[PDB]
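The chain below stands alone and is given in structure tokens; this is the form deposited without the DNA.
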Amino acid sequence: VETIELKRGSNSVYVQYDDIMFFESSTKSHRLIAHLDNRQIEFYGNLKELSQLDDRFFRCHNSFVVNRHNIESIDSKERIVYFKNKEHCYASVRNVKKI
């Protein structure tokens, strides 16, 4: 499958890879953030491991692992990645053309 268990301590939520726009680490929380189509879900993980799950998952920034399949467009000058649900994240200079 392309099911991913988002571990949330006592409980987990299982989602499909392509439910995920991108994963985010935050300074506001000890957990990672899965950005789904219509909501965010926090969970325990690390971005390195998540990027290694599949070739669609790409570490473009210290804070973000993007799902390539859900990227709508990329602004290489501003280094903004746009997703199919209208969310965005950022990319480093080194990675923006590697997405």
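Don't overthink the numbering: it's just position in the shown sequence, from 1. Shifts are known only where both forms have a C-alpha. Under this definition, the rigid core comprises the largest set of C-alpha atoms superposing within 1.5 Å between the forms.
As for the form solved in complex with the DNA, it is not shown, yet the points below apply to it.
Using a 4.5 angstroms threshold between heavy atoms, residue 88 stays clear of the DNA in the deposited complex.
For the chain shown alone, residue 61 is a contact residue for the DNA in the deposited complex, at least one non-hydrogen atom being within 4.5 angstroms. Of the heavy atoms in residue 56, none are within 4.5 Å of the DNA in the deposited complex.
Interface membership of residue 39, defined by any non-hydrogen atom within 4.5 Å of the DNA in the deposited complex, is ruled out. Residues are counted as partner-facing when one of their heavy atoms sits within 4.5 Å of the DNA in the deposited complex; in 67-99 these are 79, 91, 92, 93, 94, 95, 97, in sequence order. Fit the rigid core and compare the CA positions between the shown form and the other one: of 62, 29, 52, 40, just 29 moves by 2 angstroms or more.
Cα-Cα spacing of residue 29 to residue 86 is enlarged in the deposited complex versus the present form (difference of at least 3 Å). A change of 3 Å or more separates the two forms for residue 87 and residue 29: their C-alpha atoms lie farther apart in the deposited complex. At a threshold of 2 Å in C-alpha displacement, with the core superposed and only residues shared by both forms counted, 26-30 is the one segment of at least 3 consecutive residues that shifts between the shown form and the other one.
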